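Participant: Before we start, here is the structure in question, set down as structure tokens.
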Amino acid sequence: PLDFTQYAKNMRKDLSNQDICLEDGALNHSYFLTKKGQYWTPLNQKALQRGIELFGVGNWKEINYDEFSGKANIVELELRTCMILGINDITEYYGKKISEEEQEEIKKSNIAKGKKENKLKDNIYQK
Amino acid sequence: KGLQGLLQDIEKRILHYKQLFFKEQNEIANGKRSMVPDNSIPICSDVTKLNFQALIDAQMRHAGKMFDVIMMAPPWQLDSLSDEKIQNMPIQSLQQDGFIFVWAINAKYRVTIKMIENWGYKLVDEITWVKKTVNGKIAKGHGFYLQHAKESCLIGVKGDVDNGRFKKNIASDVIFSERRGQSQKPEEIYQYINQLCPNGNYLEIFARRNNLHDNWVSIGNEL
Amino acid sequence: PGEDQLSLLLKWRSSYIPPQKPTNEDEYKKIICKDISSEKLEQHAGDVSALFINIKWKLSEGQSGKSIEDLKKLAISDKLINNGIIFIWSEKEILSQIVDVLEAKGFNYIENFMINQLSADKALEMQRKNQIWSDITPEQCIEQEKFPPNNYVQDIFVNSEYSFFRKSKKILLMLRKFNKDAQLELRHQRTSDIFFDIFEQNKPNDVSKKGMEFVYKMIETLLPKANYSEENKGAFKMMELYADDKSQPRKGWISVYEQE
Amino acid sequence: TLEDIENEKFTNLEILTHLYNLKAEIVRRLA
Ligand SMILES: C[S@@+](CC[C@H](N)C(=O)[O-])C[C@H]1O[C@@H](n2cnc3c(N)ncnc32)[C@H](O)[C@@H]1O
């Protein structure tokens, strides 16, 4: 007989796009949990991180014009960037240029504060 | 004043909905599964730009076989592609033994029959979907001569389908079910196809995210 | 108390009692022959508008019926039909052949009228399995209107034996001839193209009397000018090809009988 | 027009975008 799981994995690897599989044949369910045209690829996340590294925080228009393309929701960029620092108020970082390591340590400090004050939600503190 | 209170309420509403957005995007990056089955093979490409030779090579490489059932729900011109362009699709190279399922509107019944017979198939069966209301009544529609409350699927066949694969005297011609969603066909056609050819290699053309099924190769530009 | 799916899909049965056959011999035109394929109908009719071919196909080596060669041999004249609609019974295995041999004569497919077959045997067996209702036959159920309750009719379809998907519908093909000189007076959207009717699991090709009355009323209210009137006396605009003494002697209908 | 925005046919991102556009419009009309 034919093993349909490995057959499906091979056919998805050969034919399906990069956003549909996970470079081993496994189905990318995050692609189908959202609507078509709004997925926020890991390439988009890395581009947003590069934009925060290069330009300041809050200047979403420059990131939209250069670091992504010409199609990027400013609201979604603000929301994803706020999830990057781990607090649902991206206000104290307005203007600063933050790289990857300091982004990770800021997220760690925010998650530690949330766990230490017992006022924490999913990757946002309370603000 | 009133606009200030509206601004305060809109701030409360964005604060409420940011929580929902972050909950969803934190559960997504935690191992949450959608309704799409794991063994689905979706391809997002225009059929007028898709290289079917790559699909033929991949199917022959990973199965040693061809497709058993090809189901089509064409966008008839009333995305309303064409008629001749739907005819020009290389279905003949896509199959050697099995069936084809083409959904036809009343204005494209004859065109569908002509396309099926021009692709090398022979018309042997016909499946009708009768629309229904929530009270178990026929959902009346509109037309020129009679009120249309039906939709037709035309079934061809190639080769020798009696070796060991396809079952006989199965399912029914009539599908009596509600007209849920947009111009979207019921899942009873998928159940009937799986009854006809259990554990087969199917292909679906002009598919959407509600058409994604196990063991089904689905093609659609919105997929 | 009568709000089941089966009772809800069968209200036309109470609303469509058929009439008696006409008594005066000027409302119909009954002719008997031996071979309708070879007979010229032009000498026995005129510019009719409804040609209902009640043909029973064979599709077997052991049961009676007609083949596609009989339809090919049948001659429909260019002045027998100028502005008319052919109503012909269809089957799944010869639908392409029927369409080809009729578009050769000039008639193009326009519409579909399906009778979704429902079993008076399967409904009785479902009622007996779920459960006064013992000494009763499906034919008696047909001709007494005493039907069992059913809120899921999808299990009582007449699923007749077929090599492919099981046959559970009866298709009436509609084909219209188009002429640019005259025009045909229709009546748009007065009948649904899908019609539930009870049957038996011994003869799925036999439509009931009330179902035949429904089909005849669909034809008559689709073409009102072809109905019986003072102007249509001796110049009937409705013709029947394969008639039987069940519901065919009618008002304003020409009836053709084969070997009677 | 919160009733128009809050419908059970829109994603949370679309709802948030509409809410942010409404907030920006209110702020600009006030100023
Ligand atoms: C009539 S719908 C068929 C889908 C079906 N109604 C369903 O239940 O999803 C037509 C579908 O074909 C897609 N489509 C249109 N043009 C296409 C093309 N050139 N290649 C592939 N898919 C196409 C449309 O976007 C839409 O998804």
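Ideal geometry is used to build each Cβ from the backbone, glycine not excepted, and the neighbour counts take in all protein chains shown. Bear in mind these aren't lab numbers, they're just calculated from the coordinates by the rules spelled out.
Participant: Mind checking the mean number of beta-carbon atoms from other chains within 10 Å of the Cβ atoms in B:102-110?
Facilitator: Taking all residues of B:102-110 together, the mean is 2.
Participant: Moving on to the next point. So what is the 222 nm mean residue ellipticity for chain C from helices alone, if each DSSP H run of at least 4 adds -39500 (n - 2.57) and you divide by all residues, rounding to the nearest 500 deg cm²/dmol?
Facilitator: Computed mean residue ellipticity for chain C: -5000 deg cm²/dmol.
Participant: Neighbour counts of other C-beta atoms within 10 Å: give me C:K73, C:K105 arranged from fewest to most.
Facilitator: Least to most surrounded, the residues fall as C:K73, C:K105.
Participant: Tell me which of B:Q96, C:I85, C:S15 sits at the most positive position along the dipole axis of the protein assembly as shown, charges placed on C-beta atoms (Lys, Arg +1; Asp, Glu -1).
Facilitator: Ranked along the dipole, the leading option is C:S15.
Participant: Same structure again: For the stretch C:54-113 and the stretch C:164-215, write down the distance between their C-alpha centroids in whole Å.
Facilitator: That distance is 14 Å.
Participant: Counting helices only, and only those DSSP H runs with n ≥ 4, report the 222 nm mean residue ellipticity of chain B as the sum of -39,500 (n - 2.57) divided by its residues, in deg cm²/dmol to the nearest 500.
Facilitator: -8500 deg cm²/dmol
Participant: Right, another one. Say each of B:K65 and C:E231 gets a label point 7 Å from the Cα, pointing the same way as Cα to Cβ; how far apart are those two points in nm?
Facilitator: The answer from the label model is 6.5 nm.
Participant: At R0 = 25 Å, how high is the FRET efficiency between B:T133 and C:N130 if r is their beta carbon distance? Nearest 0.05 is fine.
Facilitator: Rounded to the nearest 0.05, the efficiency is 0.55.
Participant: Counting other beta carbons within 10 Å of each Cβ, put C:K251, C:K79 in order, fewest first.
Facilitator: C:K79, C:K251
Participant: Sorted from fewest to most neighbouring beta carbons within 10 Å, what does the list A:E67, A:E62 look like?
Facilitator: Arranged by neighbour count, lowest to highest, A:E67, A:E62 become A:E62, A:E67.
Participant: Taking the Cα centre of the protein assembly as shown as the origin and placing charges on Cβ (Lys, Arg +1; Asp, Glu -1), which of D:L30, B:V174, C:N159 is farthest toward the positive end of the dipole?
Facilitator: D:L30
Participant: On a straight-distance basis, which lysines could pair with B:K65 in a cross-link, Cα separation under 16 angstrom, same-chain partners fewer than 8 positions away excluded?
Facilitator: Once the sequence-local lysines are set aside, what remains near B:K65 is B:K158.
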